[PDB]
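Form deposited in one PDB entry, single chain, as structure tokens, below.
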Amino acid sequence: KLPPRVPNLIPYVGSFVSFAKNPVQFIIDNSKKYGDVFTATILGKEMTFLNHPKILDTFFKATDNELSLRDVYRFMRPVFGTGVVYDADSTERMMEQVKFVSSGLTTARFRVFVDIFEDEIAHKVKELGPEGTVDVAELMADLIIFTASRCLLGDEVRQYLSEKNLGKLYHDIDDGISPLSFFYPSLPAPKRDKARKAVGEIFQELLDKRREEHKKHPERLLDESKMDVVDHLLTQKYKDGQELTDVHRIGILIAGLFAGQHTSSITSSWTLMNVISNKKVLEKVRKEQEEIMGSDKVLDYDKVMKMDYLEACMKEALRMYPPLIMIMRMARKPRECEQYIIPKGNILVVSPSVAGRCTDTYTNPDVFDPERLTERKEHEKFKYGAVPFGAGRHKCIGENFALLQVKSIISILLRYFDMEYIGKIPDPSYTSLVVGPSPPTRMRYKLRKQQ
């Protein structure tokens, strides 16, 4: 009736050691032994892993008082803020907060975002010069610090990045966020907290400055192309009529930036590496770019919307290396799954990493092959065969922005540079909450138009 159990190495600690070594491998290996659904004790928590696409409907379609996100992701509170997101008072409030971020991700904004990407890359090529080598992961992270910040927060953020070290503060917050916090939400992190307080004061200042810029220039509020998330946060209230606190606005912006940065810079790195290392894929990608660009010299939104093959490359990098390797929920009530009952209080776990390598969905899954998606449609074999952006009620609302961001960056970089990857494509490093490539990730580059 209860699922089969991974027997423990030890009491309490349970299966932590082999989970911690490689959680993707742990789920695959134990799926073989115990099947589609099994339970492991891990640092005191009962974690029930759901391991096949076919059984996932009841996970994704549940409501929040059956499968709770707030119960598992509340540990983010020292980063995102008290009363924000997974520490909101209710599901309903969290959902309204999400809608404030999504309201800055409009079509009108997306046309302006493409210019932001052009402008930031143009600054960055001054650092890279006409040739050299660079770490792919760092390049992407550094570009996306600037692009995400300006997209979500407005161009007024830029001078804080260039003159007040805001990008270093982001790294200190991000250095302090540990997967083990999920198990111990009180692990102190004094450096993290100091930087979070510092980011708070900067964003408070930015909110204050914007209120006076709204007084002095009220027509800004009538221009859908100039309205960002800070603007919406300052001018909207909750449905029931309660106004937002500056605490909340700050927390929401910080969570917005967290979501707008990590997953995108990781996916860009894996996408670009696999594109430049595969001659056939690079040819197709460049032939699509040349066809879409024609005689124009800069991107725009409509162009990025036609870049289908490159989008398939990004999707194929998301199958193979999803930056969010595990999706969780707590069972607030018992749950049926196949023939089993999953107890109240268990954590249900679905893994986009395991799904992406499932040989029942994908043929030769260790190979990067975007045609598996465009021509073989392998993803469409199960409803939940591809879940890098999740599914159902909590499906990623940043998806179109992330597509826009990564396609644009890669398109622009391929315009400026020939690029070759150094060495073998690395494995994922399971050292961080958002999972990325094991360093080093270096490439050579050379400008295509020298003078």
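Start at 1 and count along the sequence shown; that's the residue number. So that the term is clear: the rigid core is the largest set of C-alpha atoms that superpose within 1.5 Å between two forms.
Here the subject shifts to the form deposited in another entry, a form of this protein not shown in this document.
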>> If I align on the rigid core, exactly one of 143, 177, 326, 230 should have its C-alpha move by 2 Å or more between the shown form and the other one; which residue is that?
In response: 177
> Cα of residue 242 displaced 2 Å or more between the shown form and the other one, core superposed?
Replying inline: yes
>> Once the core is superposed between the shown form and the other one, does residue 259 show a C-alpha displacement of at least 2 Å?
In response: no
>> Superposing on the rigid core, I want to see if residue 340 changes position between the shown form and the other one - specifically a Cα shift of 2 Å or more.
In response: no
> Which way does the C-alpha gap of residue 23 and residue 178 go in that other deposited form, closer or farther, given it changes by 3 angstroms or more?
Replying inline: closer
